[PDB]
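**Student:** With the input below, show me the fold.
(chains A and B, ligands or ions: 2)
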Amino acid sequence: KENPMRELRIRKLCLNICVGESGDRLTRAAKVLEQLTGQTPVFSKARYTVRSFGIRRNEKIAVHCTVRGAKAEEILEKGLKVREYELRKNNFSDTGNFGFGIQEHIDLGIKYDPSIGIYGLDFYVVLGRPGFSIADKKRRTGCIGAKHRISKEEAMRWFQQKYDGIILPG
RNA sequence: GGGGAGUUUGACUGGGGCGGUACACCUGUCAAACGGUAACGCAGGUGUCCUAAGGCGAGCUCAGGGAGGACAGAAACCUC
Ligand SMILES: [Mg+2]
Ligand SMILES: [Mg+2]
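**Tutor:** Numbers count the residues shown, from 1 in each chain, chains lettered A, B, ... in the order given. Ligands and ions are numbered 1, 2, ... in the order given. Okay, here it is:
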């Protein structure tokens, strides 16, 4: 048997692009990201100052956004279609989440505009389960127990069964 | 305008002088489980800075570590 609603569902999908310098490149990356995600993304300032990468304290160097639900699985389907539903054993974290990256963006269904240029990005997905909001709600916060959490094997099974993908070793 | 006049040229202090400030303050210890308690005892700090680094209210949680993610690495950004 099974519990009808202890099943696995994706609860958020995070997209980010880290360009490493503020300016026209940054705002065009924000533009392509918001066109892809249908909503305005946000800028993240540099935490520290390191001159090896040519960055300083508190300038926007990356643009990221998060999605839930319908648009989340559509974007994830596009990304996995680009990655031909192929992932590696080490692509999955110990907490049940996973992710990957796309070297360039116009392949997943984005028209090439010569002005904006080309940009890669990182997809990440946080596998969830009904009741995970306990860990972050305000009134009576608590843990999510031991049985209810997600492990690497469960994430692998969910990926290979729902999206009929292949986990090549590596 | 030392030609001439009057006067002054601190204190502390293992003699005085040179050095130093133990000369006004602050922290720990000395200090002997109330408080107080000495030495040129020990380790140090002060003559500032702030329109917010003051005053309320709201919302968040930090250092670090582990596991993941294109360039990305020991270190850039995202997630748990
Ligand atoms: Mg005389
Ligand atoms: Mg006594």
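**Student:** all helices for chain A, in order.
**Tutor:** A:24-37, A:70-82, A:152-162 (DSSP state H).
**Student:** For residue A:143, find the nearest of the ones you listed.
**Tutor:** helix A:152-162 (17.9 Å; Cβ to Cβ). Bear in mind the C-beta positions are built from the backbone N, C-alpha and C, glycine included.
**Student:** The residue nearest to residue A:155 when sequence neighbours are not counted: neighbouring residues, count only.
**Tutor:** Here the nearest residue to residue A:155 in space, its sequence neighbours aside, is residue A:96; by Cβ to Cβ, 6 or more residues apart in numbering that works out to 4.6 Å. Residues near residue A:96, counting by other Cβ atoms under 10 Å, number 21.
**Student:** Count the residues that sit near residue A:98.
**Tutor:** If we define neighbours as other Cβ under 10 Å, then residue A:98 has 21 of them.
**Student:** Tell me how far the residue positioned nearest the centre of chain A lies from residue A:112.
**Tutor:** Central residue of chain A (Cα atoms, centre = their mean): residue A:124, 2.2 Å from the mean position. Counting by Cβ to Cβ, to the nearest Å, the gap between residue A:124 and residue A:112 amounts to 25 Å.
**Student:** Who are the contact partners of residue A:58?
**Tutor:** A:45-46 (Cβ atoms under 8 Å, 6 or more residues apart in numbering).
**Student:** how about the strands in chain A?
**Tutor:** A:9-18, A:42-45, A:60-67, A:86-88, A:98-102, A:121-128, A:166-168 (DSSP state E).
**Student:** quick one: is the second one near RNA strand B?
**Tutor:** Yes. Strand A:42-45 is in contact with RNA strand B by Cβ under 7 Å from any atom of the strand, via residue A:44.
**Student:** give the contact list for the spatially closest residue to residue A:39 that is not a sequence neighbour.
**Tutor:** Nearest non-adjacent residue to residue A:39, counting by Cβ to Cβ, 6+ apart: residue A:65, 6.5 Å away. Residue A:65 makes contacts with A:14-16, A:33-34, A:37, A:39-42, as judged by Cβ under 8 Å, 6+ apart.
**Student:** Wait, residue A:106 touches residue A:118, no?
**Tutor:** Yes. Using Cβ atoms under 8 Å, residue A:106 is in contact with residue A:118, at 7.0 Å.
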